[PDB]
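Next up: just one chain, as structure tokens, the form solved without the ligand.
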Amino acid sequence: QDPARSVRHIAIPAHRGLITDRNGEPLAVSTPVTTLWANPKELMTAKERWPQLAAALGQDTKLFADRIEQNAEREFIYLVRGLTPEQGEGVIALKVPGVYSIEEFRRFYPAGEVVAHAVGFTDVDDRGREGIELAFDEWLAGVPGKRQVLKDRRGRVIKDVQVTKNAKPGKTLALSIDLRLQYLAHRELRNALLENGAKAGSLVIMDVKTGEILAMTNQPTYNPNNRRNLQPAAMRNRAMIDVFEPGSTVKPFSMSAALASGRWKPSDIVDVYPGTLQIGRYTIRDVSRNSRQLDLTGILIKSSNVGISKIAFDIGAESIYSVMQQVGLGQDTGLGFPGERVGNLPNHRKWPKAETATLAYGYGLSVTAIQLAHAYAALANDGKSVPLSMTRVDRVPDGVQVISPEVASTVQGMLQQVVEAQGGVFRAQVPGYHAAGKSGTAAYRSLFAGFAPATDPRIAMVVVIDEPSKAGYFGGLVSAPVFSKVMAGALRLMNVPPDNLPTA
């Protein structure tokens, strides 16, 4: 016979660590629940109790009975996982022979859909599946304990023996996300999609000095507390997973290389007439073709592919590739989110003219919205690229000085003109502040990337609107007004003073 007594092991689930926003607002909270297990050998002695037990478990009478009967020779099965503690005590109070309980936890997400992708969610086993819950799973999960119970020959629990290993609680995590800014970004991106009839979109806000991600929202979104019917489209963390060719939004990096070469200054003029440039078989074409001479700021205002290409041929692709690589376009962010996409930054030993030109005006490389925002953050932070963080930064790390402060300041002023000057991106203007930025077109994505205050930058932001299909309230670039609204609120939520003084 089997021994009259045996010492069996039961895991002790650990309490998963609290996730908060940067201000301590709870974002993911472990909630006590009760799991019930049973010894079928004992249940088989108390069959008249089964229907009441099945009812208390929310299970069908006959499906429940079938399950016990088919497991009659086992000494352990789960009856139900994750009942409320109240529902649990109700089941336990039936006093059915062979019914036992385990204290576990399940997550609740107080901000729900507002921060769905960034926070992510746990699986049925309380394990991180998406977002920060996934990226920091080991930190948040801790380590289960193990305890021993004395059982008899038929698996009846006689008593607790001891705990052999205590559970190590999961550890707390404060995100860089500011829920105040995340709500503003979530609301405005949702409104922009509705008014533009768009498929999807993303918005990222970064602190340019600290590398912190202050907001990251995508549409569609979902309620992580109720995923019954959640469609895969909604679950996608587009800001980190969708790659696209950034188009004219990378011209400022080409310009930074031009100004660093020693060969170009902002007042220089390039003749871009007639809005095309033939290089062998290939023709470089501007979208708008109403220009002849443009200064360097003009090339940006007009999104002149021709103009930036002539500059690129003069300075060489290598110098542009170097800046783009160093600011992180097509490069690992270091954020450690499994499944994050890196995109691609093409390299060559001998750069063909077509590849040089297209790199310079943003085709042939592919990036994510996070990378684009980090790149603009370096430009905004006087050329210093601080590593990205999704967690609160108290001690600011050194950044790599990727662009000289002087070149960065010059480009900031050019991008301020892109927003402010006649012919520029009118609806990107941020009332009460000077803002700086650049539009582009990634079945298209509308892109806007920028920062503010333009003369002393604090915040960088990228807006991506995927496949707009309906006319919005304002004309012009679809993503521009979203930048305007979100930047206006974010700057004020952060108490950033206006930089548009009357000449002081």
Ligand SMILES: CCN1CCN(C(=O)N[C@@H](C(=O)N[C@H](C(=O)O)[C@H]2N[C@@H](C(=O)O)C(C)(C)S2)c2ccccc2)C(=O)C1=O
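C-alpha atoms forming the largest set that superposes within 1.5 Å between two forms make up the rigid core. One-based numbering along the sequence shown.
Although it is not shown, the form solved in complex with the ligand is what the next lines describe.
Proximity to the ligand in the bound PDB entry, defined as a heavy atom within 4.5 Å, singles out one entry of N381, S248, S256, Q182, which is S248.
Contact with the ligand in the bound PDB entry, judged by any heavy atom within 4.5 Å, is made by just one of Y363, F136, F121, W351: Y363. Not displayed here, the ligand is approached by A442 to within 4.5 Å at the level of heavy atoms in the bound PDB entry. Although the partner is absent here, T358 is a contact residue: one of its heavy atoms lies within 4.5 angstroms of the ligand in the bound PDB entry. Within this chain, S291 is remote from the site of the ligand in the bound PDB entry, having no heavy atom within 4.5 Å. Of the heavy atoms in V287, some are within 4.5 Å of the ligand in the bound PDB entry. Look at 30-38, 469-477, 455-463, 60-68: in the bound PDB entry, residues with non-hydrogen atoms within 4.5 angstroms of the ligand sit in 469-477. For the set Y273, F108, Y100, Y183, a Cα shift of at least 2 angstroms between the shown form and the other one, after rigid core superposition, holds for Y100 and for no other residue.
Superposed on the core, the two forms differ at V91: its CA moves 2 Å or more between the shown form and the other one.
Relative to the superposed core, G472 shifts its CA atom by 2 Å or more between the shown form and the other one. Residue displacement note: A421 has its CA displaced by under 2 Å between the shown form and the other one (rigid core superposed).
Pairwise change in the bound PDB entry: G475 and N218 C-alpha atoms lie closer than in the shown form, at least 3 Å. In the bound PDB entry, the CA atoms of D126 and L53 sit farther apart than in the displayed form, by at least 3 angstroms.
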